[PDB]
């Protein structure tokens, strides 16, 4: 209420547009989450985060800045959270998920561009997002065309440091990325005034590793039959990983896993054992882009995994320890390069990841979902679908944007798929 509103004032949030943006969220969350039965008790923490999504955490970040720490905003899992957190500064991922801000983003971006990019740009331009308002810096990356060229525009509103990611994973590329990581470490040191040493870099690695491990633990529990948790709840948790305090977040995820282990031990789940188990693959689904999971699970399926960067690509790979800073930096670089994003060529590891997940999670069908005008994942979906069909794995290709009201079109396609694979 009042205390949040004063914080948003100090951050120069456009209060009226911000209220208009948030106004319909509680009803959606009530329909898609709170009114859905059989959710684990340990979801209460995450529900309360969503209920104060622009409150307590934004206060925490504001207070860190008053202590002399910094807030770095990121848009890609390749940016090394470990280096930022080693300094005591904060890393928040601000990938856009909201249609509200897309027209504002289109004042400086083409309308035939990925909505993730357009939405994030609109949040900054309209001063609608308290997290974007509290951020000191943006760390960008040379991934897709839209993001790469959008950074040049965004820099007029907030300083953007652009990391150059290579486009292959040969030895020359691995060495190139190692150097980009070292350059970024130096930029972080300069901006925070905190030198990286063996102690604080090891601690930053351990903190982010602990977060990834908790999400890996949650992902493994979804292999059980019946599914002990709906996929929409796990998507929410993976979305919130990008904003929350890493230590608190990991603790709350592990508390959920303890509850889910009790369900598994009694054979309790959220669906019948005959409900179709679905793997999602494609682009990240940033908060509050809940549509695809909601439609699948409202049609009686259960999503048991996400091969995306808000999902398995985020948490699968942990940093290997090393005794000195030089070795830790090389291992941080190596961790991120294990991420099999479609911006790399070839990206044959992603297909192998998909096929492995189909077996590990005992999946009945694969839904490949990518955002409209995402060319990296849109183009690659052809080879993915061709291999899955060769292996007789049911496959459905879906595309959409952040506009919520193409429900009927998506529902018919999803339900026809579930009917087919039943």
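Positions refer to the first chain, counted from 1.
Looking at 302-310 and 209-217 together, the entry lists the larger mean B-factor for 209-217, computed on C-alpha atoms. Between the stretches 385-393 and 352-360, it is 385-393 that shows the larger average CA temperature factor.
Across the options 321, 276, 166, 105, the residue with the most elevated CA B-factor in the record is 321. Across the residues 114, 339, 94, 294, the deposited record lists the maximum Cα B factor for 94. Sort the chain's modelled residues by C-alpha temperature factor and residue 243 lands in the highest third, per the entry. When the modelled residues of the chain are ordered by C-alpha B-factor, residue 3 sits in the highest third. Residue 30: CA B factor lies in the highest third for its chain, per the PDB record. Among all modelled residues in its chain, residue 144 ranks in the lowest third by Cα B-factor.
Sort the chain's modelled residues by C-alpha temperature factor and residue 373 lands in the highest third, per the entry.
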